[PDB]
Ligand code: HEC
Ligand code: HEC
Ligand SMILES: [Cl-]
Ligand SMILES: [Cl-]
Ligand SMILES: [Mg+2]
């Protein structure tokens, strides 16, 4: 096709090729700020009701909010068992856990549909977009099927069973009131309209507040501290932090939405294995990220994408209880320190081993060793000092939306609060 629309309301994008089974390659970068969100207010309110309804799990008692706490920027507040164990959300039953850490859902409306784009300084197109860290859902409506029917999360047996359960409650009556009686008879329609309602909620302005001190710096040049400005400088310095090369920002713009702190692209940084995750009880099992989606979509040579994961946005990062797709780090400073010394000090991060412990041998070539600061060899000085790392942490704390600032720690290596 000549064009494709990758975010709601956005200008159509020129398609220059199709990769595998329907993934468009576009001619220009998607600008997430060009999207236009106009969710129907009562539809959004219905989606919010769904989001907080604990009847939607098996056994009952777990809602979306059980892993996406509104008091923590819709990132998980871990159960005591999860905090002591794998550091990813607990599912609907004791001893069952998500396969990955759950992100904040604030700003999720800006995640575009899957597409490829080849920058001027690139030999091949790169993948962007898709929901989940492996991009396996193209839209928010499609995403909903994941947690609802995952035995380790909300654990509904089938769409039919979920439909029967909902149909018997006030939620079923409300859905039938808006959509008509067939939502109580057709399980496919039930799932689809739940997705439409959830999409409206998650696309509402409530779910993209832009209320951080960084945002006040962008809109009004309200001053940050000298330390925070040192961290901002390191963050956009290609020779020190180089963070801006993947966690996109525009600190000279005046619109906060030009700073989402991700380009929604993918890379392979090889964070350490979290052996507390149930799936990793098999030492031959690895969560390989994007290549599972690439295989499903018949992208050519799909294992080139093994160990690739979607670059997360960093807004509200400093109130999370664990970090990276596998929750392996429990402090923000450790995540930043890892970026700086994975390549120079692998034994620190991989239990004395000199190379990655969560990437199969076959896929080690996929790991990024070219981007600063991951491009320095063992025994050479890292790009940044421990003081630089502290300053980066100080800067990342400016990305917390106003209502959540009290959850942040004060010590550079501190953990988010559990009030
Ligand atoms: C804990 C058991 C979960 C429950 C209950 C819900 N979600 Fe969640 N969510 C969870 C994890 C571990 C992740 C990441 C999984 C991965 O493979 O990356 C997610 C992700 C999402 C997303 C995508 C966010 C993104 O890619 O940026 C969305 C939009 C989302 N979750 C929505 C959502 C809904 C609406 C829920 C109730 C129906 C729901 N989640 C429950 C963990 C858990
Ligand atoms: C592109 C090559 C990257 C650069 C340069 C930096 N980061 Fe990044 N980051 C990248 C990816 C692919 C991921 C996900 C990895 C995973 O296993 O999940 C990350 C993750 C983060 C995190 C975790 C955020 C969370 O929500 O869990 C943090 C805190 C982070 N990165 C910080 C960070 C800093 C400060 C950087 C400059 C020193 C930086 N990253 C560079 C990809 C890329
Ligand atoms: Cl447990
Ligand atoms: Cl602007
Ligand atoms: Mg490579």
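What do you reckon, is residue 76 under 25 Å from residue 400 (Cα atoms) and away from ligand 2 (no atom under 14 Å from the Cβ)? Taking the combined requirement at face value, the residue does not satisfy it.
Residue count for the range 18-43 satisfying the condition of being over 23 Å from residue 130 (Cβ atoms) and assigned to a helix (DSSP H, G or I): 3. When 229, 198 are checked against the criterion of being more than 19 Å from residue 73 (Cα to Cα) and either assigned by TED's automatic domain parsing to the domain that holds residue 50 or in a helix (DSSP H, G or I) (or both), a single residue qualifies: 229. Looking only at residues of the range 358-383 that are outside any loop (DSSP other than H, G, I, E, B) and touching a helix residue (DSSP H, G or I) at 6+ places or on another chain (Cβ under 7 Å), we find that the one that is nearest to ligand 3 (Cβ to nearest atom) is 363. Go through (1) crowded, with 22+ Cβ neighbours inside 10 Å; (2) within 23 Å of residue 210 (Cα to Cα) for residue 70 and report which single condition fails. Only one criterion is unmet by residue 70, namely (1). Is it true that residue 249 is free of Cβ contacts under 8 Å to residues at least 24 places away in the same chain, in a loop (DSSP other than H, G, I, E, B) and crowded, with 19+ Cβ neighbours inside 10 Å? Judged against the criteria, residue 249 is a match.
Scanning the range 170-208 for residues that are surrounded by 18 or more Cβ atoms within 10 Å (Cβ to Cβ) and over 21 Å from residue 55 (Cα atoms) yields 203, 204, 207, 208. Number of residues in the range 57-99 that are touching a helix residue (DSSP H, G or I) at 6+ places or on another chain (Cβ under 7 Å), closer than 19 Å to residue 164 by Cβ and touching a residue at least 24 places away in the same chain (Cβ under 8 Å) equals 2. A single entry from 87, 99 fulfils the requirement of being assigned to a loop (DSSP other than H, G, I, E, B), assigned by TED's automatic domain parsing to the domain that holds residue 65, more than 16 Å from ligand 5 (Cβ to nearest atom) and surrounded by fewer than 21 Cβ atoms within 10 Å (Cβ to Cβ): 99. Somewhere in the range 222-231, is a residue surrounded by fewer than 21 Cβ atoms within 10 Å (Cβ to Cβ) and in contact with a strand residue (DSSP E or B) (Cβ under 8 Å, 6 or more places away or on another chain)? The answer is no; no qualifying residue exists. Residues in the range 83-110 that are in contact with a strand residue (DSSP E or B) (Cβ under 6 Å, 6 or more places away or on another chain) and closer than 30 Å to residue 36 by Cα: 104 only.
Of the helices (runs of 4 or more DSSP H) lying entirely inside the range 128-177, those containing at least 2 residues that are closer than 25 Å to residue 207 by Cα and within 10 Å of ligand 1 (Cβ to nearest atom) span 140-143, 145-149.
Numbers and lists here come from the model and the stated rules, or from a named source; no laboratory instrument gave them. No Cβ is skipped: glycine too gets one built from the backbone with ideal geometry, and neighbour counts run over all protein chains shown.
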